[PDB]
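>>> my complex, part one, positions kept as in the full thing:
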Amino acid sequence: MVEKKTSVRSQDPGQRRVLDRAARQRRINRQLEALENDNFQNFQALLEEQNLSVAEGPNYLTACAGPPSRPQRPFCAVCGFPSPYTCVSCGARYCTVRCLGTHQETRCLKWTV
């Protein structure tokens, strides 16, 4: 009988760990910076030199729109449909168990380094 070789990359649940607030905020900031960027999946130094001589007044700082009044809507991260759920590990949202599984397999805590 053919012996089906199994994978050895499985991780122990005793070693798997939940995430925190600072790392989630850094995730969000990185995702937004990537969405703003345009290259393979600099202006950082540009904005650094910019803020080097910025103050409070009629400028970019006091010109930014800011947060809106209508509350943030909970959209999904995998399929994009309305997501009433959240990921207890990282806080990501989802709408179905299939979406949760795809997130755990492809997104959950794998890009944070």
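Thanks, I have the structure now. Residues are numbered from 1 along each chain as shown, chains lettered A, B, ... in the order given.
>>> pull the residues that contact the longest helix seen in chain A.
Determined from DSSP state H, the single longest helix within chain A is helix A:21-36. Helix A:21-36 has contacts (C-beta atoms under 8 Å, 6 or more residues apart in numbering) with A:41, A:90-91, A:111-112. C-beta coordinates here come from the backbone N, C-alpha and C atoms, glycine included.
>>> what do you get for stretch A:66-85?
Contacts with stretch A:66-85, where a contact means C-beta under 8 Å, 6+ apart, come from A:86, A:92-96, A:99-100, A:102-103, A:107.
>>> may I see the buried residues of that stretch?
A:76-78, A:83 (16 or more other C-beta atoms under 10 Å).
>>> got the CA positions of whichever helix or strand comes after the longest helix of chain A in CSV?
Toward the C-terminal end, the helix or strand that comes next after helix A:21-36 (DSSP states H and E) is helix A:43-51. The C-alpha trace of helix A:43-51 is given here as CSV (Å, rounded to 0.1, in the frame of the first residue of the first chain):
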residue,chain,number,x,y,z
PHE,A,43,8.4,59.5,-0.7
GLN,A,44,8.9,58.4,2.9
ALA,A,45,12.1,60.5,2.9
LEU,A,46,10.1,63.1,1.0
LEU,A,47,7.6,63.4,3.8
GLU,A,48,10.4,63.2,6.4
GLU,A,49,12.1,66.3,4.9
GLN,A,50,8.6,67.8,4.7
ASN,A,51,7.7,67.4,8.4
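>>> and helix A:43-51 with helix A:21-36, angle?
Counting by axes from the mean of the first three to the mean of the last three C-alpha atoms, to 10 degrees, helix A:43-51 lies at 100 degrees to helix A:21-36.
>>> throw chain B onto that model:
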Amino acid sequence: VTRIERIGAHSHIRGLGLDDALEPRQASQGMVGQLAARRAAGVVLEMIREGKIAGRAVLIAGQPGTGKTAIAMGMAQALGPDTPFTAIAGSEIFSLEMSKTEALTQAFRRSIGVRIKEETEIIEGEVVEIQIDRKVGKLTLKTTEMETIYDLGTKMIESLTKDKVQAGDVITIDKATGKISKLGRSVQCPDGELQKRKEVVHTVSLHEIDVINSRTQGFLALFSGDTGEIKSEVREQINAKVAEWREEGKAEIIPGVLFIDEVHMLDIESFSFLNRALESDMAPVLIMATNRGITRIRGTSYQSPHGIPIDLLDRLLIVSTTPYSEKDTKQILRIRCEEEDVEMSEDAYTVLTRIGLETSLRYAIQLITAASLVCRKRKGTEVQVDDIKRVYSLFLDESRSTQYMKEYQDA
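With chain B added, the chains above now look like this:
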């Protein structure tokens, strides 16, 4: 082991034993013989399922105890659930908190159902952790396939803090209202999605609607606090609003059935009220039974058939039942024995049929269990003719006790 509902005089009746063309079988679904009345009842049951015609009354008459109430229980069991079948005795309308006419119209309205459908998103999962910051808080719900966090409002976090804040409780969250209901210490945990959109269908009767919309804390339909509902605003407006729900995709009416047993107890007032209650578009279909022949109507000295006035008897159809023969009586007794845990011999069945045809049918049906318990005393297994005779001697009947009155008692 033993439930509330136990073996009764009509427990064997599982419904009408009719075919696809409303043709009664010799003995099916616990109903024996009575072919004419059974096929006449199937027709009214079919047009009840139809519901396009309103205000029909079908009376059943014949000799006392000729399956008169059995046919009604069979009709009820065939109509099944999701279709109100209100059975009431002719005395139940005589009340002190409500007039007889008010009780009769109350029963008429209870015999009419209103179907309504809606969607609602419901949650069901095991609580994992809770936090409250004196106010807003957070919750963690779990199911066998997934978990999630929720930022709860003040009311929700308060309702959750009302219980044991630590894990263990498997709760349900009706997002519409948010009423919490902990099923137990995680009863097992649920499978599938945590939050699912469920369809909710309700068959609420017009009487329930009236009681709900008649008063603050209106739901007095649990103790009959509906004393004289105000027809001026309550019932007329409810009828109008039900007609508006109709033909708009909101609701649809489901006409029920009203079984008035022993209607000869009703009075001329109740009959005069029925004369017009059976003419309204919201009037349900009803059946009625009677044991008396041409007798006096309660209220005056008028001698009328069935104790029902002529102006109302002309407003209904009548179905006569034939007396049971040896075959029908024996088959009914056999069905009763099969419903019960008793088993009789062939000679025992013959003797019991003879005894139930000499005096009356109910007598044998009652002696069945007595003979079973008497044969169980001598340490036997089957009810024998000697046991049936022992019982026939111990317990008397109507005709043999009315003749033993050769010694004068009080009067």
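>>> same question on the buried residues of stretch A:66-85, but with chain B included?
Neighbour-count burial for stretch A:66-85, counted by 16 or more other C-beta atoms under 10 Å in any protein chain shown, picks out A:76-78, A:83-85.
>>> closest to chain B out of the residues you listed?
Of all those, chain B sits closest to residue A:85, with 4.1 Å by C-beta to the nearest C-beta.
>>> who does that closest one bridge with?
For residue A:85, the beta-bridge partners are residue A:94 (DSSP bridges).
>>> residue contacts, the closest residue to chain A within the stretch 251-400 of chain B?
The nearest approach of the stretch 251-400 of chain B to chain A comes at residue B:251, 29.1 Å away (C-beta to the nearest C-beta). Shown in contact with residue B:251 (C-beta atoms under 8 Å, 6 or more residues apart in numbering or on different chains): B:114-116, B:242, B:245.
>>> where neighbours are concerned, which of those has the most?
Counting neighbours by other C-beta atoms under 10 Å in any protein chain shown, residue B:114 leads these with 20 neighbours.
>>> show me what the host helix or strand of that one is packed up against.
Here residue B:114 sits within strand B:112-133, counting by DSSP H and E. Strand B:112-133 sits against strand B:136-143, helix B:154-161, strand B:170-174, strand B:195-205, helix B:206-214, helix B:236-245, strand B:251-255, with contacts defined as 3 or more C-beta pairs under 8 Å, 6 or more residues apart in numbering or on different chains; DSSP states H and E.
>>> in it, which residues are buried?
B:112-114, B:123-128, B:130, B:132.
>>> now, which of those residues sits nearest chain A?
residue B:128 (7.6 Å).
>>> what about the nearest residue to residue B:185 once chain neighbours are set aside, how many residues close to it?
Once flanking residues are discounted, residue B:185 sits nearest to residue B:168: 4.7 Å by C-beta to C-beta, 6 or more residues apart in numbering or on different chains. Using other C-beta under 10 Å, residue B:168 is surrounded by 13 other residues.
>>> before I go, just wanted to say thanks for your time.
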